[PDB]
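The listed protein sequences correspond, in order, to chains A and B.
So the number in the UniProt record's numbering is just where the residue sits in the first sequence, counting from 1, plus 805.
So the number in the UniProt record's numbering is just where the residue sits in the second sequence, counting from 1, plus 905.
For reference, the structure is listed below as structure tokens.
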Amino acid sequence: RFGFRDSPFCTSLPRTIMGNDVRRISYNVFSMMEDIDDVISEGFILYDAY
Amino acid sequence: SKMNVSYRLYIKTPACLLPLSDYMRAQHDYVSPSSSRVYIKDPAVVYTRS
Numbered sequence: 806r807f808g809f810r811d812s813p814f815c816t817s818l819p820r821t822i823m824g825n826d827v828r829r830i831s832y833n834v835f836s837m838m839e840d841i842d843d844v845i846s847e848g849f850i851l852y853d854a855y
Numbered sequence: 906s907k908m909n910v911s912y913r914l915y916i917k918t919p920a921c922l923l924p925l926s927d928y929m930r931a932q933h934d935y936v937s938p939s940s941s942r943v944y945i946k947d948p949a950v951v952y953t954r955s
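Structure, rendered in structure tokens:
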């Protein structure tokens, strides 16, 4: 609506992308992850934090 | 030796002595660990991110 180039805002965070639900990881779990390089390839949603 | 010596003392042959013909009984093996090994001088720190 605002005519932004590569807008970082969404009306609501997608429930599904390409027919599959987006992975959700809590911040505490994400902080301790040692296989983060594989995880960020697909994309995820960080929650359980402010 | 036969005339002037009066009394003689005998003991069992010490195991230290070895004849020269039996030199191969002195061959022994020692193992030194590989030089690629590195020995650690630093402690291990325990932590968690909850």
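Here a beta-carbon is modelled for each residue, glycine too, at the ideal position from N, C-alpha and C.
CA-to-CA distance, residue j to residue i, given in whole angstroms
i	j	result
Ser-831/A	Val-943/B	39 Å
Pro-919/B	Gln-932/B	19 Å
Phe-814/A	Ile-822/A	16 Å
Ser-846/A	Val-827/A	12 Å
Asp-842/A	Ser-955/B	21 Å
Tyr-928/B	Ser-906/B	31 Å
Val-844/A	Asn-825/A	15 Å
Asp-811/A	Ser-817/A	16 Å
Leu-914/B	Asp-934/B	38 Å
Per-residue DSSP class, three states only, for residue i
i	result
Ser-831/A	strand
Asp-826/A	strand
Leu-925/B	helix
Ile-850/A	strand
Best match in the options for proximity to residue i [C-alpha to C-alpha]
i	options	result
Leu-851/A	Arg-829/A, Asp-840/A, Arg-806/A	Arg-829/A
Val-951/B	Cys-815/A, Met-837/A, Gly-848/A	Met-837/A
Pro-819/A	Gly-848/A, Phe-807/A, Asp-840/A	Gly-848/A
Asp-853/A	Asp-842/A, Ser-846/A, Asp-840/A, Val-834/A	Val-834/A
7 Å Cβ cut-off: residues of chain B touching residue i
i	result
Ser-831/A	Ordered by position in chain B, no residue passes the 7 Å Cβ test against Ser-831/A, which lies about 10 Å from the chain.
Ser-836/A	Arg-954
Integer-rounded CB distance, given that residue j should sit under 8 Å from residue i
i	j	result
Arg-930/B	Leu-922/B	12 Å between Cβ atoms; not a contact.
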